[PDB]
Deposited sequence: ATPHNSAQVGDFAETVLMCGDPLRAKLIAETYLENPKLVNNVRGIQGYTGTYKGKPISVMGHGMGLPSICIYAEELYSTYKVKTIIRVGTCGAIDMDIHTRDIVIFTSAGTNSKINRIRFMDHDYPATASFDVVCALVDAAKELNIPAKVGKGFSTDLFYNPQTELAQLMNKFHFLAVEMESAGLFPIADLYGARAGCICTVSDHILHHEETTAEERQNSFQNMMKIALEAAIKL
């Protein structure tokens, strides 16, 4: 019922997992959901809804960047009355102690975007992950006993960042990893009194380049279980 979604209210579960890659979503739909049904494929976005441990859960792509994820997340909350959105995906390690394949759970996300300043009267909005979702994720990691780091992430507008010193600065402040959507996502969830969260598997390290599926599967378990808890 939207310019980017053909699904009707009800086609989506209250809990939706999203990742940038629409093909990764199709994969997750096939691989982890039982009886998954494609509910929306506008712009080949790959929107499915199935079940996990009997619970209804949807998975869909969100593209790259805060602008993209902002369209989808706002529609899902606003139109499809989705209650929870967990962002699963990859990212770039920033902190030196964070290594490739390490799983990271965002508490918050910084950004070089202007979106939040535009929504927050040009002030500093703390793009924070829903504490419930952060707890469910961390609990799920604990229960599964899957090591994972928890802290700040960075949603960059520039994948190829001209400001080469930013990386180092972030390291000094111990930002865990960098991606391109969380910062835009979190505030939207707030606006709708809904919940948002993010957990990514470090695909590489930006401050020095250093089996990769096991990490993805582990991140996916942590996410799926946390969804049940939510």
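Stretches with no C-alpha position, numbering per deposited sequence from 1: One region goes unmodelled: 211 to 215.
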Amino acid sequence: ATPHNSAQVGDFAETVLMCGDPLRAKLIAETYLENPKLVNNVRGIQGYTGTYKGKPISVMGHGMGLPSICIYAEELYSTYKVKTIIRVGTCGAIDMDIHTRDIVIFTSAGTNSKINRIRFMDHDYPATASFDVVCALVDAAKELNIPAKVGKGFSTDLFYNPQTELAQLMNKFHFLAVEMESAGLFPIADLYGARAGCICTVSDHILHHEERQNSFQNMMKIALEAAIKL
From here on, numbers count along this sequence of modelled residues.
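Using the B-factors recorded in the PDB entry, average over the C-alpha atoms of 90 to 98 and of 103 to 111, then report which stretch comes out higher. The stretch with the larger mean CA B-factor is 90 to 98.
I need to verify one thing: averaged over C-alpha atoms only, is the B-factor higher for 182 to 190 or for 37 to 45? Higher mean C-alpha B-factor: 37 to 45.
Candidate residues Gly65, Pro162, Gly197, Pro56, the one whose C-alpha B factor the record puts highest: Result of the comparison over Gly65, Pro162, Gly197, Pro56: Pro56.
Using the B-factors in the PDB entry, rank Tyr52's C-alpha atom against the chain and give the third, lowest, middle or highest. Its C-alpha B-factor, which the entry lists for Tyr52, ranks in the highest third among residues of this chain.
Would you please rank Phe131 by its C-alpha temperature factor against the other modelled residues of its chain and give the third it falls in: lowest, middle or highest? For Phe131, whose C-alpha B-factor we compare with every modelled residue in the chain, the answer is the highest third.
What third of its chain's C-alpha B-factors does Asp122 belong to: lowest, middle or highest? Tercile = lowest for this residue's CA B-factor.
Could you tell me which third, lowest, middle or highest, the C-alpha B-factor of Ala141 occupies within its chain? It belongs to the highest third of the chain when residues are ordered by C-alpha B-factor.
Ranked by Cα temperature factor within the chain, is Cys19 in the lowest third, the middle third or the highest third? Lowest third, going by the recorded CA B-factors of the chain.
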